[PDB]
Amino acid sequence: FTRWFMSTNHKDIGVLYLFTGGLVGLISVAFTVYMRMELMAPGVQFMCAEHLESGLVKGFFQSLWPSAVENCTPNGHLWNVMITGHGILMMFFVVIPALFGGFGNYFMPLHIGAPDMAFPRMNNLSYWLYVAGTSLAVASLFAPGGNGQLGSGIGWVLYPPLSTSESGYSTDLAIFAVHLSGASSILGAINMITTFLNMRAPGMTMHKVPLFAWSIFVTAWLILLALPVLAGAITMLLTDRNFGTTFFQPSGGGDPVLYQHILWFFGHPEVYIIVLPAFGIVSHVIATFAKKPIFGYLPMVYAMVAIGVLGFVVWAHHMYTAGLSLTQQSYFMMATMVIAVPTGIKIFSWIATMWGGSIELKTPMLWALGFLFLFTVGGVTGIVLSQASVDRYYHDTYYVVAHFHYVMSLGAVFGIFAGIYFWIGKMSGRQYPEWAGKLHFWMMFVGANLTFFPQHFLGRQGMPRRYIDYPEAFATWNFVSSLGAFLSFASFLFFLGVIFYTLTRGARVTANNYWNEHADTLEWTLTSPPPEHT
């Protein structure tokens, strides 16, 4: 029953994180469907202030049917609350819990030959803090918030003075949610690092550790430095809001830009915390289906270390228009460009792994090959954005939105899907139907590119971020992007059907290693599923 939720075993905890991250992902993806319904056409047709005067279930269902513009008073606060909830859920309650809490907890001990993590009760606590934080984030949506409505419409990074002046206590709930997510991440990281350092199998030297376990190890270190700094930033928001401090209020001598330095000191590392475990999965998947050992194992490890270190000295590329000196803009621009070098080494080494292999195009490999192409698309627009003189035009436009959905939704998320199809047989004892995996891949690949590639055009044409409505000239590519989002949502509902089918009636797995001998890490020597004592 609920003895799933009480387990301390790293495999059980990993599975909780994976299912929960997927459920929260469905919530946040559903928000984006509603967002793209409103952005499909200029004029506001869905987010009408008139829906507020009904109940909370009457108003909900009215909100999903378009109104005529003359019957729809634009409610910008609902727009701002949706995109804020969308971003907060994704960045704190979906992809890192899936990759780090999910695949990290399940497979890193297996990959290093550890029977369990150093602190199993602390690992179970980490999961409950994650659920608590998620619950507070969702609760904030229904709490008294800005403009005498419900929810915080302040953006996922909570900039003051907007965040500190938002009425209600919704924003305080969102700050507590983020606090709880940071605690979950730090506990997880403490467990990862201790287990990696102390509980490796004797005879597994550190230079025989699989790349995925390396990626979880580096990620855990980034968390330990970045998340306490975030806890400081948002506690200062909480005291400016509630305890009379003036850290970010100019009337009391404070400076709103100070918050941005502290937030982004966490905020850039956050995205390398997202993507590094995806890098690790891609290395395991490509080696398996190219039937060839990973090219340049030691450069792969060093590149992840370099990326993680460089990730701490680039933060002000999020602040080129916030009043930075020309000297600061020049430094942060050049520091940011360096990250392309270790990332390129990993992209080229993945291609070199395929080169001369015997390539099998099964579903996990499709996700990994899509990752290589789409993460590169997103990575190079990041390099565009590092150029402060071009970012002057692109900052706070949909060009930025296009950039970060390519690296996250077409990149890190492709890693998540690669992992699920790679490992669902190993975790469950049941195999996914191959044709459905491939159809899921192609629907997502077509839909997600239709969603986000036209957002480059919108950004180049000057469409700002965080807008409920837009000038008529932006209609064409917003319509295309919304169609892509609807196709992608169908792909995701299909995927959930594939998972339901797989876990209830999928073909029984008979082999310890149902792939091939080039899946050469320790989980493939165990049964499918592995024994209770991992």
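Note that residue numbering follows the sequence shown and begins at 1.
Checked against the record, the higher mean CA B factor of 87-95 and 125-133 lies with 125-133. Stretches 202-210 and 425-433 differ in mean CA B factor, with 202-210 having the higher one. Highest C-alpha temperature factor among 112, 408, 365, 281, as the PDB entry reports it: 112. Of the candidates 412, 402, 224, 271, the PDB record gives 224 the highest C-alpha temperature factor.
Per the deposited record, the Cα B-factor of residue 233 falls in the middle third when ranked against the other modelled residues of its chain. When the modelled residues of the chain are ordered by C-alpha B-factor, residue 181 sits in the middle third.
In this PDB entry, the Cα temperature factor of residue 318 sits in the bottom third of its chain's modelled residues, the lowest group. The deposited CA B-factor of residue 442 belongs to the middle third of values across its chain.
In the deposited entry, the Cα temperature factor of residue 420 sits in the bottom third of values across the chain's modelled residues.
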